[PDB]
């Protein structure tokens, strides 16, 4: 804020266009991984709000077609495939199948046999879970951490 | 105003209905056969039939091979991807060359898919858990639904919602005066904050206020988004979620490119085939332009070998300006254009020739006018002669400094004296090389 | 006591009041021209005015270049920072080659901060807490010289509570840093239980209040490293320092500029002062061509220290080019920037003087005849050979029961150990057998 | 009109090897013409691989450039089938910055031996009528409920335990939905909302597609067939809950002990009759590029009892081996060269080049005159076959530009004059000696 | 007496580019001597940069060693001054181990493009005095104090909770942004620095804010495009700005950045200011990196490149080809060579004078004559370095004015390249490796 001229180079300017406070940045830089983790969690909670604000409210300007508003340097959400947009559009959700908590092999046809009249229906490509039994390996020896 | 680049004037090849090349159209002069061949290539790309076909623009430096690729890009439009590349992008310290090439090949293939967005959004006013008046055996009441009033800059309306949404409302801080939004397809609730209307009831509030929404309470639109096939690869390789120690751990660590396995592509292809067969998404193949191919490696060429005959690879346009040079990665295996012969039999060669002085002068005039510069004929002819003495680039480059010198002297156009002074000041490659040869003992 | 190294016998340049060089002073003899010319460099460093200026020392191996540089380092005292390095240290596996040079350049400039050390210690007599819950806590310290009371802000109270400090423990507190160290329960409560897990210490015999004047030194590179990456903020009681292994990284220029501005501001406020130190490089001929080029830009900067280079190789090929030969393995471009001092060879008189000085420095009594024999054998092969030969003679002489050094001991050692020339001659005759 | 992801490439016409029941190649069948001896040998090795009894067998295909070696490879890949694993790797797809060359070759080898598992589970596909949840007030977190399912013929009511209720809540299942319940694992797959139950609806809380009701009996059996390579089993068992490495490819230099453990476990799995192991084919193309260390690792790795039937390909002559200075045939040291059978290909003639052009035009849907065919064949004999193949599309486009329907000799001559050949480009190249760079 | 972090360097005696209104150089102005044509070309290209209408322009400065290519570049940088980005790097700085030579040049390109943006800022800043809350939605008030007023705010419940979590006490100097509502503690007042005799882990004493309390105004921010790239590179990328941990930013981010910047300039929200990229000692770049500059100078947004080269017709690094300036021909035509000329005797006197007054040194006329003769027979830089030592040697003599004898003494002590090489060959056998 307190500069010696109308036009003078000063760092930390991006702090104004990001939601980071001059105290939040010092905390994030001098506290540690717990502070970083909490800030990350807060950013993934604010991402949905920033997504909607950028995507559905474009009237005129902010200050009558001049200036910039908070969180205008965070353009990572404008992508058509980011998680907020991916959750908003239910079909890209099906186009991004590689979940981080399940074992998906890919797509394979499925055959569903009936019990009456022995009629068998055939299905098209569907997400397939790898069989559980595959995991059989185990280390030879285990050690308590030193 | 947009700043002037080095290829701003190129707006197209300038072809007739019969495909013949005009003498001067769309900022391009001469190279009639090359322009006709590029028009044929444009038709091939628009045909949406072939795959993995390659063309090599071969010619001396400063003859327009780079410009013709941009002309092809401009004539293609903007709904088809066009990925530029140099020969030095493959050499990465994070991932192998044949994966840089594979990722770029997958970049030049784009999708285009349509969907609808439905949302109920606006300011909340009241929450009425409307009950059914007659509880059931063993219970004191039976809530039927929840009445939520939402108002925007257009009007106020009441919506009847499932009772379970109340369980979500208490999960966040859903009080009167906030603005909320609920996705029709998803069904969740999210709070944006208090309205600006109540921004003055205090002097210092920890929360930031958002303006009241303008428009109808229930919005519904249709949007079409375009994603390249490489974006799906990166999206599926690195799942961006927060409810994991793995997702978050990787999102905290330094992000690094990972060699994508071919099994991931095998499933993405299947799913996009299914959705194309269902008529939801439209595939549009594009163009990949490698300039300065002579900087590639023999391993890169040998991978390109197999890469071209694929049924999925896009159309590739190579460009090079080397003579009979040693192939990079070998010892003394010389080859034309620094490209192996076995690869060079899979490409169609387009020859680019030199420029006659008349065409050079026409190019100089076109550059001067596009740049916003006025030049006299007695100076334009001298500049063209100087360029023909040395090269076209050295003639086009002196346009701006001459204009600055004239503006300093106050004149509104360049004369003979300005051009001669600028040429006296700056030097070209040939004279500098002559000076270096003369003064070799003091370098 | 202190182990004796190869450079422990040099104390200074030994220059008189007129700036000339004495024949023998502070452990250095000979090399009159080179030693005297180093005084100009010493005065240049003390002036704290010029920057970037560099110096090269050119001479045959074993002629005193490193000794002269260490004498220069001694002449400046421990106040002036000194950063020694070897050209072979540049090739790292974490950062680029020029980054190491920049880091050493930053290391070769230091700060200076005066302050007062405040020390409290002794037994805790009581802990009394006081917009009403907690404001400050009153603590009572007591030793066997007196008793005092202190007022603590909630941060220090939290630090005490983390150390699991109760009433009746011996505590050490530093007011400046806020450090809290529990030194164990006082001995007077040792009878409270027959078996207690705690350890008991006697009541301190000293002042509760201790004042000192302490002067702290810190180089710029310390500030760059500290502020470059998120400081761990973990000093135990945290498993999050167990995730990411620290690794050396490339410091950006924006940080360095911010650090420069902050240092200017603080030295303008008068809190701290600045000292331009000296960087010293050995095996400079081992620097790659990229490092030699980067030294062109680094040496011409305005915030760079004074650099001294040492090299002994002749007209050898420059590393990284395998085609171009330049004197001292240094490109002509950089070699024109530096200022060159030549180093000569030693006559037998200087040989004998060096041997005698080393012998009296490293604790060996030698007779005149043995000294003459060692001087002759040093003139035969090298200087370092005789200095190496000194110790085994006095190690056998003790075994035989004698104390001094005579002809038989040095002769036996010479017949027992081989120099480089003799071993090379031996290898030639048995060439097909090795 | 619609364009799928698979387009018309250079080998998109070859649908097989074109062999009879007697393994005698035909002159023209299934997109392959000529090259009788190489096709015979390829049929022999294809039958050998189909039998699948001996392991660690290698075959090299050598010949002139543009004589169908890769064509033969694609033909035998298509003839092999989709259910038999086939892996195509270029010569430079192993020099990686994330793992060693030997590790990359080991992964390539283990990626070819597939394991087929038939998984039969009992499922319940039906329409949701109503769901009953009885949350506890305090207690100890025990939940109880009921769930009614209905089809067009039968309906029933099921009780709910403490495990599927959380899954149902996570998937947010309500009335009017059609769901498939997996009895074994317990997952809930969502099909869509029904029609009749949609009449009574609140504001939009779920807007998506529509589906019908599963007819017949409520309980049925489903069957899936999984083909899992050995390499991805290794990756799965190399770390706990590690599955994105199948797609991310982040696992590097897996420990061997895992590899022998997987080998043993696969052996027992084969013995018990649960899963079936099927060897596959590895195709390394342009294999002259492999460093000598890669070849020597291939030596030992080809002697294992789980190695695949790798197929080589080379068009080089007496050339020094990469990374060394020793000359050798095909740029391969004799050690590896002494452990495999070599199949050679012969240069093409006019009669079969004409048929190659004809089948290429049939694939690309291009019509030319017989004189145009003769001119194209003359070009494809004075100049390589690839150039003649490429000129077809350009000639067709030029013909369509003038609103034509049959390609004519004039169009082909125009295209020949427009584009260039390597020989003609080099000829025109010699006259600009000083204009080019680094001659 | 007081020395700042920056002091007298080699290029610190030049302040801007000596020119006229008509771009006519002066014989001696702003610390520059001679090089009239080179300075004219420098002024022309400086005007080209200032206009900032055309993109992707390259200028090369070539000449013999000691002719002032780097001096001209620094004079241009000073004349341009701040507010216009000027990224100066060496040739060997891109050979990193975390990013390829392409990324190390792409980032060096995006770091010379400035974006000016305007922001409306309202901020309250002052020393807290008393905080009062009630227990009935808790209601309270807080009092701020400055040098001019003393005021009370009736803050809301969320502000109560934030203040309780941040643990605000009286005497603290805090700033709040009412647009968002975030507290940024700055420390404690000087007058409140005595109630605790044992300060906590980290506390700072700052003067109380003066002037008006709640300031509302407009500020201008000049941010480089590289910063905008790094911020969106990863989730929390602003750490990499100082850490240097960024590597191989995806190409699908830079295109989005460019599109957004073009949209902003169309809307008038922000304006793009081009800058300069100076690559000193460019004669040692990779043939792979040279080819990358071919397509780097043809983009819509690109700075002006200025290179210096000391090489004549020499081999290109990375290939076995001979070219002028060690640069491929396919790039040299895109450039615009500006040649320099060796200085005359009059230029040599006029250039040593400026350095003498820069170092605050008085020199005699005969001393100037001898120094000019030496600097003509030898390199100019050696003569430039010969004055700093001369001052110290004269100071040792306790004289205020140097003389010819002092210059001769300093000349005899130190050695130049020619005498060092000549003496080196006399006893070259004693040296190592030829």
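Letters A, B, C, D and E name the chains as they come in the text, with residue numbers starting at 1 for each one.
Just so it is clear, a contact is a pair of C-beta atoms (placed from the backbone, for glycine too) under 8 Å apart; a residue touches a chain by one contact, two chains touch by 3 or more.
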| item | value |
| --- | --- |
| Chain pair showing more contacts of the two, C-E and D-E | C-E |
| Inter-centroid spacing, subunit C versus subunit B (mean Cα positions, whole Å) | 54 |
| Between subunit A and subunit D, centroid-to-centroid distance (C-alpha), Å | 31 |
| Distance between the centres, which are taken as Cα means, of subunit D and subunit B, whole angstrom | 30 |
| Centre distance in Å when subunit A and subunit E are each reduced to the mean of their C-alpha atoms | 37 |
| Contacts with two or more other chains, residues of subunit D listed in rising order | 208, 241, 244, 247, 437-438 |
| Interface hub residues of subunit A, defined as touching at least two other chains | 28-29, 33, 36, 40, 70, 79, 90, 98, 100-101 |
| Per-residue overlap in subunit B, given as positions that touch at least 2 other chains | 61, 93-94, 185, 208, 231, 236-237, 239, 246, 251-252, 263-264, 272, 321 |
| Every chain pair meeting the contact rule | A-B, A-C, A-D, A-E, B-D, B-E, C-E, D-E |
| Residue numbers on subunit B that touch subunit E, as the complex places them | 1-7, 61-62, 66, 84, 86-89, 91-94, 201-208, 231, 234, 251-252, 254-257, 291-292, 294-295, 321, 326, 371, 391, 393-394, 397, 400-401, 404-405, 408-409, 422, 425-429, 432-433, 435-437, 439-440, 442-443 |
| Subunit E to subunit B touching residues, read off their complex | 22-23, 37, 40-41, 44-45, 47-48, 51-57, 62, 64, 96-102, 124, 142, 153-156, 158-159, 161-162, 176, 178-181, 233-236, 245, 247-248, 250, 252, 262, 265, 272, 274, 287-289, 291-292, 294-295, 297-301, 310-314, 320, 324-325, 329-330, 332-334, 336-339 |
| Subunit A - residues contacting subunit E, complex | 1, 6-10, 13-14, 16-25, 28-29, 36, 39-40, 43, 61, 63, 65-68, 70, 73-76, 78-79 |
| Interface residues, subunit C side, partner subunit E - complex | 18-19, 33, 36-37, 39-40, 43-44, 47-53, 58, 60-61, 93-98, 120, 131, 135-136, 150-156, 159, 173, 175-176, 178, 227-230, 249-252, 254-255, 260, 263-264, 267-268, 273-274, 276, 289-291, 293-294, 296-297, 299-304, 312-316, 323, 325, 327-329, 332-333, 335-337, 339-342, 345 |
| Residue ranges of subunit D in contact with subunit A within the complex | 117, 119, 123, 125, 185, 187, 208, 216-217, 219-226, 228, 233, 236-238, 241, 243-244, 247, 257-258, 261-262, 265 |
